[PDB]
Each structure stands twice: as structure tokens, then as C-alpha cells.
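Residue numbers (the authors' numbering), protein chains in the order written: chain C, 3 to 277; chain F, 2 to 97; chain A, 0 to 32, 39 to 62, 66 to 68, 74 to 216; chain B, 0 to 31, 39 to 61, 66 to 81, 83 to 254. Virtual Cβ for every residue (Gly too), placed ideally from N, Cα, C. Shown next, in C-alpha cells, is the structure this report addresses.
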Ligand SMILES: CCCCCCCC/C=C\CCCCCCCCCCCCCC(=O)N[C@@H](CO[C@H]1O[C@H](CO)[C@H](O)[C@H](O)[C@H]1O)[C@H](O)[C@H](O)CCCCCCCCCCCCCC
Ligand SMILES: *[C@@H]1O[C@H](CO)[C@@H](O)[C@H](O)[C@H]1NC(C)=O
Ligand SMILES: *[C@@H]1O[C@H](CO)[C@@H](O)[C@H](O)[C@H]1NC(C)=O
């Protein structure tokens with residue numbers, strides 16, 4: 003039932019144990035698929051799919067490869083300088099969440115969020131870096147230094163507003179054959195632990211589905227039983243998913259209940275399991 | 002700050018005379034540094050594959066640890082995690 | 000796409016006082032900055054003007078340089094050109110996520126002086142050390158006169174050179190010719206060149 | 000400029016197959039360093055880039075024979092192993108701050124030749140003004156002629172009474188080949204010094220033409236009978252004529 007969205011999410015994990023020990027690791031997601039991997043040990047961004055470069059030429063990919071190499075070295079050098087200036091103690095952990103989403107015909111949406119020790123400190127907005135609603139005093143000082151760099155502001159603007167929506171459309175076109183993949187789930191009913199004395203737990207398992215958009219509801223014929231506990235969509239190594247949907251019901255009201263599964267691979271033929 | 006959520010499950014339904022994969026989804030933790038290993042009948046599994054370290058929108062991390070196995074009737078499976086938020090390494094028993 | 004910087008024209012010989020235009024085109028419009042340089046033979050770049058991506062125009074002295082990213086163009090205008098401007102002018106750009114300058118091949122600009130009172134003449138100059146060795150000096154010719162290289166291999170001719178006697182305001186053009194040949198005469202020295210009809214040759 | 004980028008050697012003549020090392024001293028505090043290559047009648051072409059001590067862009071490096079260093084984030088050396096005739100060029104070094112407005116050094120002119128016996132210093136001669144010129148224009152032109160030199164690594168200057176002069180001076184923009192149908196041709200360079208007849212007519216006035224040649228060093232091997240063609244100043248002089 004849910005709409006399949008395809009934003010490009012470029013994630014960066016930078017750890018600083020001491021002034022001497024550091025590593026920068028990253029990856030790229032196109033929706034729920036991982037297209038790229040980036041280790042501190044390698045000098046290039048690793049392609050995971052045969053269609054990961056998109057419609058970009060070898061020359062265009064090399065320019066990005068160059069920007070990421072210069073960025074990592076520069077980023078890892080700037081944090082050490084900032085920690086010395088703003089008197090910030092090690093260990094340090096910085097996270098970057100950059101990317102965009104393409105809306106064919108209409109204007110594209112972009113983002114660049116930076117977190118410090120799991121909390122939002124700043125983000126790129128329009129043509130400059132901007133602090134979070136509530137941000138420590140040392141963030142405003144780091145922003146004063148960061149906003150003085152005309153070149154980085156222009157590189158980030160050009161990467162987000164220009165390069166990124168182009169790259170997304172290229173991936174959507176080069177990987178389309180793999181993006182239309184459908185993997186039918188296996189479903190079954192079970193009785194989970196007793197939640198109360200005169201009550202029982204109904205469990206509906208949906209296993210091995212791809213893509214991730216799914217709909218699972220406990221039903222009384224056609225009446226949607228609000229009180230369905232969907233839980234987390236858990237991952238499988240083969241890129242398929244797992245989901246459990248439970249329902250707390252007092253003994254007797256379990257009769258006439260069913261579980262309705264809606265998924266794209268089912269081609270309209272919903273899985274309906276009666277308890 | 003953020004304590005890890007541990008969930009142990011298998012790719013396919015459990016069967017005595019059949020090959021399967023033992024998954025362990027560790028999520029909602031912070032910082033990045035985490036210790037994870039799949040235990041079988043007590044001892045740890047040396048050949049245990051894992052996914053590339055990633056994080057959710059709330060900035061908390063997540064990982065999928067997996068290994069090919071056969072659910073033996075006498076072999077009891079679980080997963081052990083050690084983190085900065087934990088006083089002792091947490092052990093979550095796999096429930097079929 | 001790899002950046003390609005192009006400059007039109009490759010060479011330009013203009014008379015003193017004229018307002019000249021130097022063109023620069025680039026295929027990649029994602030420009031961080039555009040830098041115009043001056044280079045004298047045979048090495049060393051002199052920074053003239055820098056236009057920033059946001060900027061449309066930059067002025068400094075008789076120089077004005079415009080930038081148009083959308084048309085992938087940059088122009089260097091030189092006002093009231095002087096002989097001193099005579100050099101190779103290079104246009105180069107830095108792209109948005111790049112550091113390196115990508116250069117054009119350059120415009121070889123020659124600004125010839127305005128010779129108000131021409132007195133074309135070819136003089137024989139004897140060496141201070143010995144009477145045997147001598148050179149031929151073609152001088153005081155107007156800038157419309159062009160000195161041609163020698164057809165004979167054993168005769169050497171230089172291109173025209175401009176000197177300014179700042180104390181007297183006087184400007185002068187000259188070319189030197191010499192050979193080791195016995196039949197070499199100063200009268201026959203600039204025979205391959207179209208020298209003025211009123212050229213003076215002393216006995 | 001006074002406080003700019005320095006490069007050394009300014010001129011280098013190397014034998015084919017020999018190793019050469021080029022030094023660049025950037026502007027103090029400049030985080031960025040760049041190397042460029044400039045072929046004869048061509049625009050400069052990017053070689054390599056340094057941000058502090060890290061060589066973050068080596069795309070322009072032609073082959074394995076070219077290797078650059080900047081270990083302390085200051086001085087950069089560019090080394091060319093087993094040099095060839097195609098390596099003959101001006102190697103330009105530049106430095107900048109974060110704005111990437113590049114300040115260029117004076118460059119290194121590298122000439123790669125077959126044998127070092129090809130190297131010759133110039134012969135310098137001063138040609139005295141013609142009395143016909145003195146009678147006709149009341150102006151007096153001295154001509155200086157530097158001949159038979161190789162490589163094309165000369166700096167000509169005129170000295171009047173122990174002081175260098177620029178007024179009424181014109182040196183050829185580039186030397187001419189004494190045999191244009193040859194790669195290893197020796198060169199000739201001329202310059203003109205023009206003064207008033209009266210200034211030349213004073214026998215107290217001394218006119219000197221100096222040609223600074225850049226040739227062989229103490230480390231270069233020499234086996235020819237003739238004097239080793241080292242870095243030297245070759246001059247010619249003239250005293251004023253009463254007439
Ligand atoms: C994206 C679509 C393409 C698809 C590709 C496929 C995906 C690839 C796979 C995984 C991606 C991994 C995730 C990483 C996402 C980040 C996107 C790259 C953004 C590059 C910015 C370029 C500017 C730069 O590099 N800037 C550097 C260099 O600048 C210096 O050198 C230049 C010449 O090289 C110039 O002269 C310049 O003036 C000078 O400052 C800065 O140092 C910058 O400040 C680094 C940090 C930028 C982020 C700022 C946020 C950090 C705030 C932390 C502060 C708190 C620290 C406290 C301890
Ligand atoms: C740097 O951090 C690592 C973290 O594992 C540690 O092993 C190393 O000893 C630290 N070095 C210093 C100089 O503190
Ligand atoms: C990450 O890469 C940098 C590259 O300069 C290196 O210095 C650092 O030691 C690497 N980190 C680890 C953990 O190997």
C-alpha cells in the first residue's frame with residue numbers, strides 16, 4: 003500500500019578516538035538499496051551494484067571521487083583544528099547525512115545535516131551553514147569560521163542542487179530493471195505469549211518480501227482492527243524484509259479474525275489468514 | 002547515551018533437517034563502537050558475517066549480523082552484545 | 000566533462016592608443032573563479054585580474078574583465094593600449110569542486126609605437142674590439158614597416174624592437190643584421206624585407 | 000614581486016637520462039601549492055596539487075618518472092628521473108590561500124640535451140655608433156651582440172658608468188637560432204642602447220654590455236678541451252668617442 007520513495011542518502015561516520023586515531027566511513031542509499039560503500043582504508047568510493055555509476059561518465063565519476071578524497075582529508079583535518087580551538091574533548095563522533103530526492107517535472111529537494119555525539123548541531127540551508135534551534139555556543143563559533151569559506155559553500159550548493167538530482171535520475175534509469183524486482187513473502191499465523199490472564203496474543207508473520215513498502219492489519223472480515231502492533235521491519239542479508247504484526251485480544255473475541263497482507267509482489271491478490 | 006535494541010530471528014522457518022541463516026538486528030545504539038558475536042550452544046561463531054555500519058534519521062546506529070547454520074534440536078542459539086551503556090554484555094536468547 | 004579553455008585571437012598586432020578586446024571561452028560553466042595573467046618571454050605569470058563566480062565585472074587601471082558563466086565567456090578589455098602591454102595574455106579558470114587552474118593557449122599581443130617622425134636608415138656599426146667585425150642597423154622606421162628574415166642561411170636578421178628615450182619622449186624602432194660572409198653588405202642586408210622607399214644608406 | 004614565490008634552479012640544462020630536482024619555496028603561510043608545466047608557445051598545464059603536506067591531486071603528472079613532494084607543508088620539490096627531450100619546458104610553481112587566487116613563481120626553464128658538449132657560453136661584442144647616424148639624427152646607437160650560446164638561458168643588461176640602464180634600451184624578446192633547421196642550435200641575441208650624440212661624444216662615459224649565461228655547475232662532468240661552459244657573465248665594453 004505505501005508509496006515507494008527513492009531519495010539518495012549519503013551517510014558518513016567519522017570517529018576520532020584521539021588526535022592520532024581516526025577513521026571516516028560511509029555509504030549511499032537509493033531508497034532502501036545500498037549503492038555505494040566508502041572505507042577509510044580505500045582511496046575510492048566502492049560501487050556495490052553494476053548500475054551504481056548511473057548515467058555518469060568515467061570522467062564525471064572521477065571528479066566526484068576526487069571531491070570525496072579532498073573532503074575526507076580536509077574534514078578529518080578541520081575537526082582536529084576545531085577541537086583544539088573550541089576546546090572539545092576526545093572521543094569525538096561526527097555524522098553527516100547529505101543527499102536529495104527527485105520529483106520529476108517539479109523542483110528537487112536536498113539536505114545536508116551534521117550531528118555531534120548523536121545530536122543535530124548544524125545543516126546546510128540555501129547558500130550557508132545554519133545552527134539547530136537549540137545549539138551550543140561553540141556551534142555558532144564553528145559556523146562563523148565555516149561561513150567564511152566561499153569555495154566549500156559553492157561546492158556543497160553545486161553538489162546538492164546540481165550534481166545530486168542528476169545522479170539520482172541516472173541511477174533510477176541505469177538500475178530500473180533491478181528496481182522493478184518483486185519477491186513474494188511467506189505468511190503464517192501464531193499464538194505469542196499471554197499478555198494478560200484472560201487475553202491472548204495474535205501474531206501474523208510476513209517473511210522475505212522485497213521492496214520494503216508493506217501493509218499488515220488484523221481484521222474482522224472487512225473491519226480494520228485498530229490496535230494492531232506492527233513492530234519493526236527487520237532486515238535479511240539477501241535485501242528482503244521481515245515483519246510481525248500482533249493483536250491483544252480477550253479470549254473469545256479471537257474468532258472471526260483474519261490477517262490481511264498487502265504487498266506489490268502479490269499483484270492485488272492479498273494474503274488473508276484466518277485464525 | 003542510546004542503549005542497543007537486540008532482536009534475534011531466522012531468514013526462513015526453523016526446521017531440524019534444513020539449512021538456514023541466524024540473523025541479529027542490533028539498532029538504536031550510540032556511539033559507533035559496539036561488540037557483537039553470534040553464540041551457539043555456548044561458544045561464539047568465528048565465521049559471522051555483518052553489514053556495513055549505518056544509522057537511522059534519529060542518528061542512532063544499526064547493524065545486521067548473519068551466519069549460515071542448521072537448527073539442531075540440542076543446540077541452543079542466542080546473541081551477545083557489549084556496549085558502553087551496558088553494565089555487563091547483554092545476551093538475548095533466540096525464540097522460535 | 001573535462002574543462003577546455005579557448006582564447007581568440009591567438010595573436011594580435013595593434014597600433015598604440017587603440018582599445019583592444021581579448022576573448023576567452025570555456026566549455027564548463029561551473030566556475031569558482039576566472040584569472041587573467043600576463044606573461045613575458047620566456048617565463049613568469051603576472052596576475053592581472055580575478056573575477057569571482059558571483060562577480061560580473066572587474067576593473068584595474075586600463076584593464077576591465079567581464080565574466081558570463083551562462084555563455085561560458087570571459088573578455089579582457091585593454092583601454093588605450095601602450096607598447097608596454099605587449100605580452101602573452103592568458104585566461105584560466107578554477108572549477109567549483111576543483112583547485113587547479115585550466116588555461117587557454119593565450120593571445121600574443123603586440124602594441125607597436127606611434128612613430129611621429131620616421132627617418133628610415135641602414136647604418137654600419139664597427140666592433141669596439143676590432144675593425145674586421147660589423148653589424149647593420151635598420152632604424153627609425155614607422156610601425157607599418159615589417160622586417161623579414163633572411164633567405165640566405167649565413168645572414169642573420171632580428172625582429173623589430175622598440176626603445177623609448179623617456180628623457181626626450183622619443184620612441185624608436187630597429188632591426189639588426191649580420192653575417193660572416195665576405196660579400197655581405199649593409200645595402201643588400203634587408204633585401205628580403207619591404208623597406209621604405211626613402212631608406213638612407215651612407216657610403 | 001618582492002614577497003612572492005621562489006623557484007630554483009631558475010635555469011637548468013640537463014643531459015638526456017639524468018635525474019633533475021626542482022625546488023619551490025611558496026609564499027609564507029600558503030596552505031596550497040601547485041605545479042604546472044608550460045611547453046614552448048603553449049599555455050601552462052597542471053601537474054600536481056598540495057594542501058598542507060598531502061598531494066591531493068596528481069592527475070596532471072605525465073608518468074612514473076615525475077614525482078613531487080612537500081613533506083613539511085612548505086617547500087616542494089618536483090623530481091624528473093631519466094629526463095627526455097619532451098621534458099624541456101618551463102615548470103611553474105604557484106601557491107595560494109583558501110581563496111585559490113594563485114601567485115606564480117618565476118619558473119624553472121629546463122632544457123634537456125643529448126650531450127653536455129652542446130652547451131656553449133655566448134661571445135659578447137659591443138658595436139659603436141655610426142658617425143652617419145650621429146650626423147643625420149644627432150642620436151647614437153650602440154648595439155650588443157651575444158652569439159653562439161646554448162642553452163637559450165641568458166639575461167642581457169646595459170651598464171653606463173657602473174649603473175644599469177633601461178632608458179633607450181631594447182633587447183630582442185627571444186634569441187634567434189643560428190641554424191633554424193636544428194634542435195640543438197646555438198643562439199644569438201641582440202640589444203640596442205640609444206643615447207644623444209653628446210652623451211656618446213663624452214670620452215668619460217663608459218658603456219658596458221653584460222650577458223649573464225646559465226650553464227654547467229660544479230657537479231656537472233666535463234671532458235672537452237675548451238673551458239667548461241659554467242654559469243658566468245660575458246661582457247663587452249666601449250668608451251665614448253670625441254669625434
Ligand atoms: C553527493 C552526490 C554525489 C553522489 C556520489 C555517490 C555517493 C558517495 C558515497 C558515500 C558518500 C559519503 C557521505 C559523505 C557526504 C558528504 C558529501 C561531500 C561534500 C563535499 C564538500 C566539499 C567541500 C570541501 O571539501 N571542503 C573542505 C576543503 O576546503 C578547503 O580547501 C579547498 C581547496 O581544496 C578550498 O581552498 C577551501 O576554501 C578550503 O576551506 C573544507 O575543509 C570543509 O570545511 C570540510 C568540511 C565540510 C563539512 C562541514 C561540516 C562539519 C562541521 C563539523 C564541525 C564540528 C567539529 C567539532 C569537533
Ligand atoms: C589512540 O586511540 C586508540 C584507540 O584504540 C588507542 O589504542 C591508542 O593507544 C591511542 N593513542 C594515544 C597516543 O593515546
Ligand atoms: C584512516 O586513513 C588515514 C589516512 O591518512 C590514516 O592516517 C588513518 O590511520 C586511518 N585510520 C585507521 C583506523 O586505519
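Beta-bridge pairing of residue i - partner residues as DSSP gives them
| i | result |
| --- | --- |
| residue 114 (chain B) | B:106 |
| residue 93 (chain F) | F:80 |
| residue 32 (chain F) | Residue 32 (chain F) pairs with nothing; no bridge assigned. |
| residue 140 (chain A) | B:138 |
| residue 104 (chain A) | A:41 |
| residue 149 (chain A) | A:137, A:190 |
| residue 175 (chain B) | B:170 |
| residue 51 (chain A) | A:43 |
| residue 117 (chain C) | C:97, C:122 |
| residue 205 (chain C) | C:192, C:248 |
Enclosing alpha helix (DSSP H) for residue i [first to last residue]
| i | result |
| --- | --- |
| residue 172 (chain C) | 166-176 |
| residue 148 (chain C) | 139-148 |
CB-CB length for residue i against residue j, believed under 8 Å
| i | j | result |
| --- | --- | --- |
| residue 108 (chain B) | residue 30 (chain B) | 6 Å |
| residue 102 (chain C) | residue 111 (chain C) | 6 Å |
| residue 170 (chain A) | residue 198 (chain A) | With a Cβ gap of about 14 Å, residue 170 (chain A) and residue 198 (chain A) do not count as contacting. |
| residue 132 (chain B) | residue 224 (chain B) | 5 Å |
| residue 27 (chain B) | residue 116 (chain B) | Contact doesn't hold; Cβ gap of about 14 Å is too wide. |
| residue 175 (chain A) | residue 220 (chain B) | About 19 Å; that fails the 8 Å criterion. |
| residue 66 (chain C) | residue 114 (chain C) | Actually they do not touch by this definition, with Cβ atoms about 16 Å apart. |
| residue 68 (chain A) | residue 32 (chain A) | Incorrect: roughly 15 Å between the Cβ atoms, too far for contact. |
| residue 198 (chain B) | residue 186 (chain B) | 4 Å |
| residue 20 (chain F) | residue 68 (chain F) | Incorrect: roughly 11 Å between the Cβ atoms, too far for contact. |
Boundaries of the beta strand (DSSP E) in which residue i is found, first to last residue
| i | result |
| --- | --- |
| residue 91 (chain B) | 87-91 |
| residue 73 (chain C) | No beta strand (DSSP E) holds residue 73 (chain C); the alpha helix (DSSP H) holding it covers 60-87. |
| residue 203 (chain B) | 198-207 |
| residue 154 (chain C) | Where residue 154 (chain C) is concerned, there is no enclosing beta strand (DSSP E), although the alpha helix (DSSP H) it sits in stretches over 152-160. |
| residue 4 (chain B) | Here residue 4 (chain B) belongs to no beta strand (DSSP E), and DSSP marks it neither H nor E. |
| residue 211 (chain A) | Segment: none, residue 211 (chain A) is in no beta strand (DSSP E) and carries neither H nor E. |
| residue 91 (chain A) | 86-91 |
| residue 27 (chain C) | 24-32 |
| residue 21 (chain A) | 19-25 |
| residue 3 (chain F) | Here residue 3 (chain F) belongs to no beta strand (DSSP E), and DSSP marks it neither H nor E. |
| residue 120 (chain B) | 119-124 |
| residue 217 (chain B) | 217-224 |
| residue 170 (chain A) | 168-170 |
| residue 13 (chain B) | 10-14 |
| residue 77 (chain A) | 76-81 |
| residue 150 (chain B) | 150-160 |
| residue 124 (chain A) | 120-125 |
Is it a yes or a no for the stretch 115-128 of chain C touching the stretch 88-101 of chain C, going by three-plus beta-carbon pairs under 8 Å? As far as the Cβ criterion goes, the stretch 115-128 of chain C touches the stretch 88-101 of chain C, which means the pair count is three or higher.
The stretch 261-269 of chain C in contact with the stretch 178-193 of chain C per 3-pair CB rule at 8 Å: Segments in contact, yes.
Any 3 or more C-beta pairs closer than 8 Å across the stretch 196-212 of chain A and the stretch 42-51 of chain B: They do not touch, by the three-pair rule.
Any chance the stretch 161-180 of chain B sits against the stretch 145-156 of chain A, with 3 or more Cβ pairs inside 8 Å? Because the criterion of three Cβ pairs below 8 Å is not met, the stretch 161-180 of chain B and the stretch 145-156 of chain A do not touch.
Report the start-end ranges of each beta strand (DSSP E) in the stretch 207-234 of chain C that is 3 residues or longer and not cut off at the edges. With a minimum length of 3 residues, the continuous beta strand (DSSP E) runs that stay inside the stretch 207-234 of chain C are 217-222.
Cβ contact (3+ pairs, closer than 8 Å) linking the stretch 74-86 of chain F and the stretch 3-18 of chain B: Short answer: they don't touch.
Decide if the stretch 157-171 of chain A is in contact with the stretch 92-101 of chain A; the criterion is three or more beta carbon pairs, one per stretch, under 8 Å apart. With the cut-off at 8 Å, the stretch 157-171 of chain A and the stretch 92-101 of chain A do not touch.
Counting pairs of beta carbons, one from the stretch 143-151 of chain B and one from the stretch 196-215 of chain B, are three or more of them closer than 8 Å? In this structure the stretch 143-151 of chain B touches the stretch 196-215 of chain B; the number of beta carbon pairs closer than 8 Å is three or more.
I'd like to know if the stretch 21-29 of chain A and the stretch 103-114 of chain A are in contact, where contact means that at least 3 CB-CB pairs between them fall below 8 Å. Taking 8 Å as the limit for Cβ pairs, the verdict is that the stretch 103-114 of chain A does touch the stretch 21-29 of chain A.
Taking contact to mean at least 3 C-beta pairs separated by less than 8 Å, is the stretch 170-186 of chain C in contact with the stretch 52-59 of chain C? Touching, per the Cβ criterion.
Cβ contact (3+ pairs, closer than 8 Å) linking the stretch 111-131 of chain B and the stretch 40-56 of chain A: Touching, yes, given that three or more Cβ pairs across the two stretches are closer than 8 Å.
Would you call the stretch 81-96 of chain F in contact with the stretch 5-24 of chain A, where contact means no fewer than 3 C-beta pairs closer than 8 Å? With the cut-off at 8 Å, the stretch 81-96 of chain F and the stretch 5-24 of chain A do not touch.
Is there contact between the stretch 238-257 of chain C and the stretch 204-214 of chain C, where contact requires at least three CB pairs shorter than 8 Å? Because the criterion of three Cβ pairs below 8 Å is met, the stretch 238-257 of chain C and the stretch 204-214 of chain C touch.
contact_flag[the stretch 215-232 of chain C, the stretch 2-21 of chain F] where n(CB pairs < 8 Å) is 3 or more: The count of Cβ pairs closer than 8 Å, one atom from the stretch 215-232 of chain C and one from the stretch 2-21 of chain F, stays below three, leaving the stretches out of contact.
For the structure I just gave you, are there three or more beta carbon pairs, one from the stretch 121-136 of chain C and one from the stretch 28-45 of chain C, closer than 8 Å? In this structure the stretch 121-136 of chain C does not touch the stretch 28-45 of chain C; the number of beta carbon pairs closer than 8 Å is below three.
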